[PDB]
>>> print(open('data29.txt').read())   # compact mmCIF, C-alpha atoms
# COMPACT_ATOMS: atom_id res chain seq x y z
CA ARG A 1 120.87 145.83 120.98
CA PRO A 2 119.42 142.32 120.81
CA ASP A 3 115.65 142.18 121.20
CA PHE A 4 116.00 139.69 124.05
CA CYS A 5 117.50 142.55 126.08
CA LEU A 6 113.94 143.92 126.26
CA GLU A 7 112.47 140.86 128.01
CA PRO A 8 111.77 141.04 131.77
CA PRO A 9 114.11 138.92 133.89
CA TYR A 10 113.15 135.32 134.50
CA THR A 11 113.93 133.64 137.82
CA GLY A 12 112.59 130.29 136.61
CA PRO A 13 111.25 127.42 138.73
CA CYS A 14 114.42 126.05 140.40
CA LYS A 15 115.26 126.87 143.99
CA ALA A 16 118.70 128.46 143.89
CA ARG A 17 118.97 132.16 144.78
CA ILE A 18 121.84 133.48 142.81
CA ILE A 19 122.56 136.95 141.58
CA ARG A 20 122.42 137.42 137.82
CA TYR A 21 122.29 140.58 135.72
CA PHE A 22 119.62 141.65 133.27
CA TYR A 23 119.27 144.69 131.05
CA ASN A 24 116.48 147.03 132.20
CA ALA A 25 115.63 148.93 129.02
CA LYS A 26 113.42 151.46 130.81
CA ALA A 27 116.22 152.28 133.25
CA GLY A 28 118.95 152.06 130.60
CA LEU A 29 121.37 149.82 132.47
CA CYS A 30 121.85 146.32 133.76
CA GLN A 31 120.45 145.48 137.19
CA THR A 32 120.52 142.44 139.46
CA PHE A 33 117.87 139.79 139.82
CA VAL A 34 117.60 136.39 141.50
CA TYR A 35 118.03 133.40 139.20
CA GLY A 36 116.75 130.03 140.34
CA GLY A 37 119.36 127.96 138.58
CA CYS A 38 117.49 126.44 135.62
CA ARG A 39 115.85 127.47 132.34
CA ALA A 40 117.61 130.83 131.96
CA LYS A 41 116.33 133.16 129.28
CA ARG A 42 118.82 135.23 127.29
CA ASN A 43 118.46 138.45 129.32
CA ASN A 44 120.45 136.74 132.08
CA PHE A 45 124.19 137.30 132.56
CA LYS A 46 126.59 135.85 135.10
CA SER A 47 128.95 138.77 134.39
CA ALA A 48 127.79 142.36 134.51
CA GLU A 49 130.47 143.19 131.91
CA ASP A 50 128.72 140.78 129.55
CA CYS A 51 125.32 142.31 130.27
CA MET A 52 126.38 145.88 129.55
CA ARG A 53 128.38 144.98 126.43
CA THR A 54 125.75 142.66 124.94
CA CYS A 55 122.75 144.82 125.81
CA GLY A 56 123.97 148.33 126.52
CA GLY A 57 124.75 149.56 123.02
>>> encode(input="data29.txt", output="structure tokens")
Amino acid sequence: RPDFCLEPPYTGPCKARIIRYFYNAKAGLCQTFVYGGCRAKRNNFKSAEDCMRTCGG
């Protein structure tokens, strides 16, 4: 899996409160977090399908 899948999720400094998915390597699956709407890091997926496929192998 890409190394960025190991980074903790990043809400960022903007004020939206939208659900995004990130890969939790300790838990072994993608989980939800709140994304603020700007400056996403790569462990941030709009689609949970994308999160599991990109990071779950």
>>> atom_distance(input="data29.txt", atom1="CA of residue 3 in chain A", atom2="CA of residue 47 in chain A")
19.0 Å
>>> closest_residue(input="data29.txt", among="A:49, A:56, A:16, A:2", to="residue 29 in chain A", atoms="only C-alpha atoms")
A:56
>>> atom_distance(input="data29.txt", atom1="CA of residue 39 in chain A", atom2="CA of residue 5 in chain A")
16.4 Å
>>> atom_distance(input="data29.txt", atom1="CA of residue 15 in chain A", atom2="CA of residue 41 in chain A")
16.0 Å
>>> residues_near_point(input="data29.txt", point="(123.0, 131.9, 146.0)", cutoff="9 Å", atoms="only C-alpha atoms", output="number ranges by chain")
A: 16-19, 34-36
>>> closest_residue(input="data29.txt", among="A:20, A:38, A:8, A:43", to="residue 55 in chain A", atoms="only C-alpha atoms")
A:43
>>> residues_near_point(input="data29.txt", point="(118.4, 135.5, 127.8)", cutoff="9 Å", atoms="only C-alpha atoms", output="list in words")
residues 4, 5, 7, 9, 10, 22, 40, 41, 42, 43, 44 and 45 of chain A
>>> closest_residue(input="data29.txt", among="A:46, A:52, A:6, A:11", to="residue 30 in chain A", atoms="all atoms listed in the file")
A:52
>>> axis_aligned_box(input="data29.txt", around="range 37-45 of chain A", padding_each_side="4 Å", output="JSON")
{"center_x": 120.0, "center_y": 132.4, "center_z": 132.9, "size_x": 16.3, "size_y": 20.0, "size_z": 19.3}
